[PDB]
Structures are given as structure tokens and as C-alpha cells.
Amino acid sequence: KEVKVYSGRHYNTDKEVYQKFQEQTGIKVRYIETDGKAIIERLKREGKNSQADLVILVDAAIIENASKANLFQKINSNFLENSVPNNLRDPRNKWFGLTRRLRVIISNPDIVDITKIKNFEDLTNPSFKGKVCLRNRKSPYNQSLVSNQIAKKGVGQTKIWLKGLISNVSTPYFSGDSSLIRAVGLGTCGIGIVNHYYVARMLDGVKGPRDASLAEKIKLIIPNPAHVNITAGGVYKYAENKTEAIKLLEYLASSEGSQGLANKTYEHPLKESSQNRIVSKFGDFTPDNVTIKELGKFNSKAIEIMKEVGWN
Ligand SMILES: [Fe+3]
């Protein structure tokens with residue numbers, strides 16, 4: 001028996017976890033790891049001829065794209081239904097969260113006054129004019145942040161916030177989070193918005209000594225309440241090895257599988273915060289209770305309004 005996994009978790013750090021499942025169960029795991037959007041396009045084109053069984057995707061936005069493209073089938077699993085928090089699954093049981101990440105504020109204390117920064121709203125403060133730097137709007141991460149703001153506050157108030165934030169940006173938009181972290185730790189940017197785990201990975205040396213140096217200079221700020229995003233897995237609509245796929249998903253979503261995945265990328269497990277010392281030090285967070293499904297719903301509107309204010 002085998003199962004075929006097409007995984008959007010393109011970190012090059014998950015193979016160990018599939019090995020554990022293989023030993024424990026005997027089920028052979030055949031694993032492709034690449035860009036999520038490349039997987040979506042391939043599956044649409046292959047259809048009933050695809051050899052995917054289990055699909056894993058990063059970020060609410062891409063999960064929404066796969067769901068709109070009808071890539072998942074509904075599954076029944078007493079375990080998943082009763083172990084995965086409602087806010088991090090499909091209310092219609094086509095996908096299930098596996099790891100949690102936070103999009104957070106980073107800062108350089110020698111450029112800006114951190115005592116004035118608590119939440120995202122604070123970044124419209126005109127004293128930060130010239131000092132704010134962002135990754136571009138093509139990142140699903142960014143789109144999902146803005147979607148979060150629309151869920152709670154509605155479209156009107158989000159625009160106000162966006163105009164005020166983009167007013168303070170005087171630097172070309174970045175193409176990655178990692179390079180945004182450099183610019184903050186170097187001091188050419190005062191403030192950035194990045195995912196937590198990139199700061200932790202760089203602190204831990206994963207990208208060599210210079211980046212580790214630049215990362216030590218930053219002050220990470222977790223907004224309260226926090227915006228939470230996920231990686232998620234679902235069973236392919238035409239999966240040949242359906243039984244095996246569910247089982248593997250059941251394992252990835254358990255405490256062992258979830259910790260396994262999360263510990264590789266410095267993310268938080270599904271039901272409890274990370275035990276990693278570097279991640280722990282960022283401090284404790286509280287989820288704002290916006291559901292991953294809501295983040296999907298408003299992804300369209302978010303990109304509309306992002307373009308309208310000038311977030312390129
Ligand atoms: Fe990422």
C-alpha cells in the first residue's frame with residue numbers, strides 16, 4: 001500500500017515526518033514538494049488522471065484557490081472532526097489545518113520608538129513616515145492579513161487603515177519576507193511585516209552567520225489579538241489511495257505529526273504553542289478568532305482594495 005503526497009510546504013524540511021509514518025504503518029509515502037500554485041495548476045490540467053492522493057497547501061488564500069477549483073473531496077474522520085479546532089478547518093470537511101503561523105510586526109529599536117507599537121493600527125502613526133517597509137501584494141500572506149482586517153472591521157475601515165499604512169511606505173516593495181528581515185536588521189527599514197518563523201529560522205543560523213547577525217537586531221511584536229494563518233491538507237477529489245490519504249492526514253494532524261511538521265519550520269503546532277526556545281521568547285499570543293474560511297472569502301476584495309490604495 002502507498003500514498004502520494006503533493007506538498008506546497010516548500011521549506012525542504014518535512015521528509016523526516018513522512019518516514020515516521022511509513023515505519024509505523026508500513027504505508028509507502030511518495031512525496032513531491034514544490035510551489036503550491038504549481039501543484040494547483042498541474043492538478044487542474046491532469047484531473048482524473050492525476051496521481052495525487054493527499055495535497056498540502058500553505059496559507060488561507062491558496063487553500064481557498066484549491067477549494068474554488070474543486071480539488072478536494074469531503075472526508076469523514078472521527079479523529080479530525082474532534083481534534084482539529086473548528087476555526088482551522090473547512091466547515092464542509094474538505095481540508096484540515098496542520099500548523100499555525102503568525103504574521104507579525106518587526107522593528108529596529110534604533111530607528112523607531114517601539115514603545116508606540118502594539119498592533120497593526122499603530123503603523124499609521126505619522127511619526128513612522130518614511131520608516132515602514134512591506135513585501136508586495138502578490139504574497140498570499142499579505143492578502144490574508146488584509147482579509148483578516150476586512151472580516152472584523154469591514155471594507156470601509158480597512159481602506160482607512162490601508163491608506164494610512166501605505167502613506168508611511170517610502171521604499172520599493174520587497175519580493176520576500178527574508179529580505180525584508182535583512183532591511184530591518186540593517187536599519188534601512190524601521191518597520192516590517194513578516195511571518196514569525198522566518199525570524200526564528202534566521203536567528204537559528206539556518207541561513208548563515210550574517211543573516212543571524214541582522215536578525216538579532218530586531219524586536220518582534222506580536223499584535224494582540226493575533227492574526228493566525230495555517231498550512232493545511234486535504235484529500236484529492238479523485239484520490240486512488242483514499243484510505244491511506246486520510247490515515248496520513250490523521251497522523252499529520254495529531255500531536256506527534258503536528259509537532260513534527262511545526263518543529264521543522266519553527267511554526268506552532270495545531271493545538272499548543274511551540275516548545276522551541278527561540279520561538280517561545282517571542283512571547284505568548286491570543287488568536288483573534290477569525291476563521292481560515294473567512295480569510296478565503298475576502299481574498300478577492302483584499303486584492304481589490306490593496307491595488308486601489310497603491311499596495312503594489
Ligand atoms: Fe512561508
Inter-part gap, Cα centre of the stretch 10-35 to Cα centre of the stretch 62-141, in whole angstrom, is 25 Å
Once normalised by the length of the chain, the mean sequence separation of its alpha carbon contacts under 8 Å that are 6 or more apart gives a contact order in percent of 29 percent
Restricted to the stretch 102-226, the DSSP antiparallel beta bridge percent, nearest 5, is 75 percent
Inter-part gap, Cα centre of the stretch 208-269 to Cα centre of the stretch 168-190, in whole angstrom, is 25 Å
Amide H contacts under 5 Å for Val169, restricted to residues at least 5 apart in sequence or on another chain and with H modeled in the peptide plane, are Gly130
Residue-normalised 222 nm signal for the chain, counting each DSSP H run of n ≥ 4 as -39,500 (n - 2.57), nearest 500 deg cm²/dmol, is -12500 deg cm²/dmol
Amide H proximity to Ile105 below 5 Å, modelled H, separation 5+ or other chain, gives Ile221
On each of the three principal axes the extent of the alpha-carbon atoms of the stretch 1-119, given in whole Å and largest first, is 58, 33, 32
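If r is the Cβ-Cβ distance from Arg45 to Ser280 and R0 is 41 Å, what FRET efficiency results, to the nearest 0.05?
Numbers: r = 43 Å, r/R0 = 1.06.
It comes to 0.40.
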Candidates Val17, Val199, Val146; GNM for the chain (alpha-carbon contacts under 10 Å) flags as most fluctuating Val17
The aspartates and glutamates whose Cα lies under 14 Å from the Cα of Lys242, excluding any fewer than 8 residues away in the same chain, are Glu2, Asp53, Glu250
Of all C-alpha pairs within the stretch 123-202, those more than 17 angstrom apart amount in percent to 48 percent
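Given the chain, what percent of its DSSP beta bridges are antiparallel, to the nearest 5? Provide the component values of the computation, followed by the final result.
Numbers: 22 of 35 bridges.
For the chain, the DSSP antiparallel bridge percentage is about 65.
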Ranked by GNM mean-square fluctuation in the chain (Cα springs under 10 Å), the top entry among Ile75, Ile160, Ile105 is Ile160
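What is the dipole size for the chain, taken about its Cα centre, with +1 at each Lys and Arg Cβ and -1 at each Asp and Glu Cβ, in debye to the nearest 20? Before the final figure, lay out each step's value.
Details: 48 positive and 32 negative charges, 138 e Å.
For the chain, the charge dipole is close to 660 debye.
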Too long for a 30 Å Cα-Cα cut-off, among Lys1/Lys44; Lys48/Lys271; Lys129/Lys293; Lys131/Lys159; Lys37/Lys271, are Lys48/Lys271; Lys129/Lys293
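Which order results if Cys133, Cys189 are arranged by neighbouring Cβ count within 10 Å, fewest first?
Numbers: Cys133 23, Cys189 26.
By the 10 Å Cβ count, ascending: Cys133, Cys189.
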Quick shape summary for the stretch 157-312, equivalent ellipsoid via Cα gyration tensor, semi-axes whole Å in descending order, reads 30, 24, 15
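Counting every Cα pair in the chain, what percent are over 26 Å apart? List each step's numbers first, then the result.
On the way: 22048 of 48516 pairs.
Summing the P(r) tail past 26 Å for the chain gives 45 percent.
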Highest GNM mean-square fluctuation among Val290, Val132, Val206, for the chain with Cα springs under 10 Å, belongs to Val206
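Don't worry about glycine lacking a Cβ; one is built from the backbone with ideal geometry, like all the others, and counts go over all protein chains shown. Read-outs throughout are calculated quantities, based only on the coordinates presented, and are distinct from any laboratory measurement.
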